[PDB]
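Chemist:
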Amino acid sequence: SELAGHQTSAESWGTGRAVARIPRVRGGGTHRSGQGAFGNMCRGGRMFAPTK
Amino acid sequence: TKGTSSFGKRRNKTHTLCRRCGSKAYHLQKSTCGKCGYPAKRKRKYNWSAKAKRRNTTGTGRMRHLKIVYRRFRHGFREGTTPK
Amino acid sequence: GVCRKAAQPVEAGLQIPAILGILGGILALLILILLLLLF
Amino acid sequence: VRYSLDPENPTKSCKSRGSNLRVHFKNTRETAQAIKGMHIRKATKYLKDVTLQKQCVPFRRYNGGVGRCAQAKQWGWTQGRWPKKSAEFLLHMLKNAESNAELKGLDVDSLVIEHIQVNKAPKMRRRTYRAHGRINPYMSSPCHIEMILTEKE
Amino acid sequence: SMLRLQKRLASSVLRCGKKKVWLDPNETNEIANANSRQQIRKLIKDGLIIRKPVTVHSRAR
Amino acid sequence: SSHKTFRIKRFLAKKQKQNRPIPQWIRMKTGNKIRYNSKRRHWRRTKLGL
RNA sequence: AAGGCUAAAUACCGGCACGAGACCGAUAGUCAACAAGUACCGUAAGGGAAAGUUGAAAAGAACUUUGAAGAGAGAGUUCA
RNA sequence: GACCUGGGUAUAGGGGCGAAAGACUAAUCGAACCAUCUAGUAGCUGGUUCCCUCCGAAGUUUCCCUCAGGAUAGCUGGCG
RNA sequence: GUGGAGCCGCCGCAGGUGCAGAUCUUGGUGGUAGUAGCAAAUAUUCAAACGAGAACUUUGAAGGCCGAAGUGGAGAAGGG
RNA sequence: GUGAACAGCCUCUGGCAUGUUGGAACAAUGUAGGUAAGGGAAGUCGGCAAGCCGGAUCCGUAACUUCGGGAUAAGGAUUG
RNA sequence: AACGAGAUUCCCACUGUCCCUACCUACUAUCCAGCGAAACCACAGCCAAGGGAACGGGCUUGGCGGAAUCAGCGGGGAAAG
RNA sequence: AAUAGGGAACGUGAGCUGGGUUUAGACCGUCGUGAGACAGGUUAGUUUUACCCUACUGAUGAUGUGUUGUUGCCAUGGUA
Ligand SMILES: O=C(c1ccc(-n2nnc3cccnc32)cc1)N(c1ncccc1Cl)[C@@H]1CCCNC1
Ligand SMILES: [Mg+2]
Ligand SMILES: [Mg+2]
Ligand SMILES: [Zn+2]
């Protein structure tokens, strides 16, 4: 994965509401509302040191 | 009164649906458009939103007259009738 | 008809109230009880 | 289909089935304990008096908050409740358990309910509306049943 | 056997409110037949839907 | 609104025709897997925005 | 010097076609193997998913019984 | 009555607007929202996935806008 | 025991190579639990019908309520 | 209709089933509405809460005062 | 002077604020019929002293211990957010 | 008669009350060029959840005695 795996625009919650500080996606609506964004941990995310 | 009793005064629309882009963006007070910038001559595309090109590049419509170029070109733009 | 409500409609929808059910709970700092702890 | 513990006297023991019938689980399970091992024409006469609140059904396992009643002293227990919908459906198909039995040529007046079980169904959803703009699910909990009726000889 | 249609169609042809209309429940499978407006005007002529006049509000006292 | 212009009610004619169940025989056909129309806009649940 | 022209060797992650891969195998691979920039949200800029598999063949359970129907019991199809 | 109210129009982020509270500007304001630069930096918390066998410590020196950290020696292991 | 079409040993080579934790991520399911709850604005009752089935439907008779700044009759905007 | 009145209360014209459910019993604890002998703020940070007076007529009106006010002052008497 | 949902003190009238509580009604709560969530959750739950990271529920030594439960209850769980 | 001193997470907020302290408004005094500071002063200022186990208070109970009932005794525990 060259560089793109990051075409999902998101940010961390930034406060201790009750979830982890991982970036969460924006908006509302669909099932990809507050799910996990990029990071190696998350579903639908980027990979650890994406190969060159 | 800041919350739910203020949503009751939402009655008059602001963005009607435009004529060229057709995207619900034609701002009626300012007489312009959101996505395309309708009273301008040129089409508002930008690099900062790299997906918004992908919504409206060449190849996301019908390509009614470039299904005709991308086929007539590979024979070299013949103009004669045919042989029977 | 016979199967227009029982075999057309029973696949039509049947998950449409699950349009998630929520978008997150954006309840925005409900620690309104100002506490301030002795200073 | 395939049941649990298909019968040891296979010609002379009947069986029925109902699937995805919208009742509670915890009220269809615990009306099935109370008729387990009972003669059918007394069990049919039992479930009528449940719905008419004459002769209750004790709750032995799912006894959370269930108010007491006096008719449960027959079954050695202090808590009871009278399910007039749960003891309707498995009244409605003990009708259909013996409707198959004499179709197989079995004398129904010697049948006793040998086996009966209740097992849950995929919980179908709809939604509630709560405080501070939150949503929670009203989940129905329907249940399957399964039963074996055996003549005693 | 709904009669809500006849309750509505009568109270525009009798010029009256929806309350005041309609006595006589004996020809129920006759008044459920006519769902038109011209076939509902025979039931007034046959006297099966009546006007049932106004409640009293005497100014005597 | 009931004071609507022309370019709305030839838009509302399009979002009324395409809000319709499927014919039943096309579920039987070769090489499909669709079994119910999912684009059915229900007029109280989901709204258009003009 | 303060006027001008010029192929080649060269750069290509958009385009039409292609060919191959010590790759990934459906929570992976692009977001999208399916009616995906679609359903949906937002006034708007914009944000944006879920969802592949019966069998070799529909041969998709005729017919009989119970029940208002859902659903069972038999019968049957199939090596299953 | 320095009154209340519908629609039209004007004013846009270091800017609008304010009979002045740093109020209000789409539930967001002592600087709105959307997208990119950007996976921004972190001497700081949280985590860091198989087994056996051998060896197995350190919190001290000197200096630093050093005192929650690093350099240097000390102590350790592996190789000879 | 199921399963129905691919798989493994050995010498070497190459890794997106091994999970109990990260208020991990997606998905699933309990315990709580047949519990909390179905309590703002007075109020229903009798017979008949259609019906497999009636406290909630219709029809009547009575009892009532809103009471002309309406719980009525009509439009704008919005909804399509 | 009453009343100064589009006040509150009740009724006709015109609407509806008491507001997303009923059946039985009438414990505590609340929630909303009331009453209480004798004392009358002793309660409490605090006369908070609740109570009291409330409409009309005929009398009657002080301190102060920018000479307009205080003022429906206070204090009474009548009301079918 | 007037005026003020402005702040403070006293007086008159009044009253359950109180001395000192009591009763009655409505809607709940309660029980049944039907439908039925979330908060939260290591494992769970009797106490005294001792030591201990100096105030344990689980260890030590003692005291002791019966199923399953309902209506409450606000001491504890250094409760939960 | 006496108006003894004390402890129990400075007993006691999912028991209450908010008076002061201790947010944001404001006024004065002193300090500071100033923003502001002030165990100096005053006024105005949202007090969340028990349905979980335990403790307890009540209420059916449970085992053991063959089923069952009546009349009883009391180990203990409370204490005026
Ligand atoms: O409704 C609330 C309210 C009360 C508590 C929460 N909290 N607190 N911690 C919480 C954790 C989770 C969820 N909610 C939580 C939220 C809101 N009010 C309110 N009351 C007092 C202070 C602040 C507020 Cl906003 C209104 C205000 C006016 C009077 N009527 C009620
Ligand atoms: Mg999957
Ligand atoms: Mg004794
Ligand atoms: Zn446009």
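Protein chains in written order, with our numbering: chain A, 168 to 219; chain B, 27 to 110; chain C, 43 to 81; chain D, 1206 to 1358; chain E, 571 to 631; chain F, 36 to 85.
Note that CB positions come from ideal geometry on N, CA and C, so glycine has one too.
Out of F:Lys49, F:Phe41, F:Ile43, F:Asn54, state which residue places its alpha-carbon closest to the alpha-carbon of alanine 54 of chain C.
Modeler: The candidate whose alpha carbon is nearest that of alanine 54 of chain C is F:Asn54.
Chemist: Go ahead and label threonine 197 of chain A buried or exposed: buried means 16 or more other beta carbons lie within 10 angstroms of its beta carbon, across all protein chains shown.
Modeler: It counts as exposed.
Chemist: Is the closest heavy atom of ligand 1 to the C-beta of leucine 77 of chain C under 7 Å?
Modeler: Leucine 77 of chain C Cβ: outside cutoff for every heavy atom of ligand 1.
Chemist: Just the Cα atoms here: how many angstroms apart are residue 1359 of chain D and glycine 1272 of chain D?
Modeler: This structure leaves residue 1359 of chain D out entirely; chain D is present only between 1206 and 1358.
Chemist: For ligand 4, I want to know if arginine 46 of chain B counts as a neighbour, meaning its beta carbon is within less than 7 Å of at least one of the ligand's heavy atoms.
Modeler: For ligand 4, at least one heavy atom lies less than 7 Å from the Cβ of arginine 46 of chain B.
Chemist: Any beta-carbon of chain B closer than 8 Å to the one on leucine 85 of chain F?
Modeler: Yes, because at least one Cβ of chain B sits closer than 8 Å to the Cβ of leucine 85 of chain F.
Chemist: CB-CB under 7 Å to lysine 1241 of chain D, same chain, minus the five flanking residues each way: which ones, in chain order?
Modeler: For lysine 1241 of chain D, where only same-chain residues beyond five positions count, the Cβ hits under 7 Å are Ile1318, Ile1321.
Chemist: Helix, strand or coil for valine 1323 of chain D per DSSP?
Modeler: Looking at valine 1323 of chain D - three-state DSSP - the assignment turns out to be strand.
Chemist: How about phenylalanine 205 of chain A and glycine 172 of chain A: do their beta carbons lie closer than 8 Å?
Modeler: Taking 8 Å as the Cβ cut-off, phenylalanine 205 of chain A and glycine 172 of chain A qualify as a contacting pair.
Chemist: Put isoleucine 1245 of chain D into one of helix, strand or coil per three-state DSSP.
Modeler: DSSP places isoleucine 1245 of chain D in helix when its eight states are reduced to three.
Chemist: Kindly list, in the order they appear in chain A, the residues whose Cβ is closer than 7 Å to that of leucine 62 of chain C.
Modeler: Those within 7 Å of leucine 62 of chain C in chain A are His198, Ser200.
Chemist: The beta strand (DSSP E) with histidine 1349 of chain D in it runs from where to where?
Modeler: Start and end: 1348-1356.
Chemist: Rounded to the nearest angstrom, how far is the Cβ of residue 1147 of chain D from that of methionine 1352 of chain D, given a contact under 8 Å?
Modeler: In the structure displayed, chain D extends from 1206 to 1358; residue 1147 of chain D sits before or after that span and is not available.
Chemist: Per DSSP, residue 18 of chain B forms a beta bridge with which residues?
Modeler: With chain B covering 27 to 110 only, the question about residue 18 of chain B has no answer from this structure.
Chemist: Just tell me which of E:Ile620, E:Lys589, E:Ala604, E:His627 has its CA closest to the CA of residue 560 of chain E.
Modeler: The structure shown does not extend to residue 560 of chain E, since chain E spans only 571 to 631, so no value can be given for it.
Chemist: Could you check what DSSP says for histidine 53 of chain B in three-state terms: helix, strand or coil?
Modeler: Strand, per DSSP.
Chemist: If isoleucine 64 of chain C sits next to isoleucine 1350 of chain D, beta carbons under 8 Å apart, how far is it from one beta carbon to the other, in whole angstroms?
Modeler: That pair is no contact at about 34 Å.
Chemist: Quick check on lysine 1220 of chain D: buried or exposed, where buried means 16 or more other Cβ atoms within 10 Å of its Cβ?
Modeler: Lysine 1220 of chain D is buried by the Cβ-count criterion.
Chemist: Since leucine 1311 of chain D and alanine 1237 of chain D are thought to touch, with beta carbons under 8 Å apart, how far apart are those beta carbons, to the nearest angstrom?
Modeler: Actually they are not in contact, since the Cβ atoms of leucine 1311 of chain D and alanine 1237 of chain D sit about 22 Å apart, beyond 8 Å.
Chemist: According to the neighbour-count rule (16 or more other Cβ atoms, all chains shown, within 10 Å of its Cβ), is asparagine 1232 of chain D buried or exposed?
Modeler: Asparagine 1232 of chain D should be labelled buried.
Chemist: Hey, does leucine 69 of chain C have any beta-carbon neighbour from chain D nearer than 8 Å?
Modeler: Yes, its Cβ sits closer than 8 Å to a Cβ of chain D.
Chemist: Report the three-state DSSP secondary structure of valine 1262 of chain D (helix, strand or coil).
Modeler: Residue state, collapsed to three classes: strand.
Chemist: Less than 8 Å between C-beta atoms, sequence neighbours within five positions excluded: which residues of the same chain meet that for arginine 45 of chain B?
Modeler: Cβ within range, chain order: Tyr52, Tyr64.
Chemist: Under 8 Å Cβ to Cβ from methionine 1243 of chain D, same chain only, skipping five residues before and after it: list those, please.
Modeler: If we look at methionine 1243 of chain D and ignore the five residues flanking it on each side, its Cβ neighbours are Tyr1251, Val1317, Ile1318.
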